[PDB]
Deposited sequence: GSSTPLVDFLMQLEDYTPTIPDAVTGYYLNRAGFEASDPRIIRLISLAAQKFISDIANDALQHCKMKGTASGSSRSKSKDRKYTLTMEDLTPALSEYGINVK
């Protein structure tokens, strides 16, 4: 129970792989700004996971033939992130 709010609280403890400054730069570039540094860290982790999910998707393809990420395996993992389909 409450696994999410537990995560949100200790965001101040986590140090994401992406520096706060870098995430901040790209957010401030989209016109978004936040003083709570936990907001920056939340966004950093979400962005990281977004890429991790793609990497894992790619790996699953690579397992369909010690591991090299190729465009052959990465391309299919991008199917949801192309041109906007109506």
Return the ranges of the deposited sequence not covered by C-alpha coordinates, sorted by sequence position. 1-2, 68-81
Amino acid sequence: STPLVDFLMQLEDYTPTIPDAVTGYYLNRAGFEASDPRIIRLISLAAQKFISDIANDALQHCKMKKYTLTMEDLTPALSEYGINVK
From here on, numbers count along this sequence of modelled residues.
Mean C-alpha temperature factor, higher of 26-34 and 43-51: 26-34
Which is higher in the entry, the mean Cα B factor of 67-75 or that of 8-16? 8-16
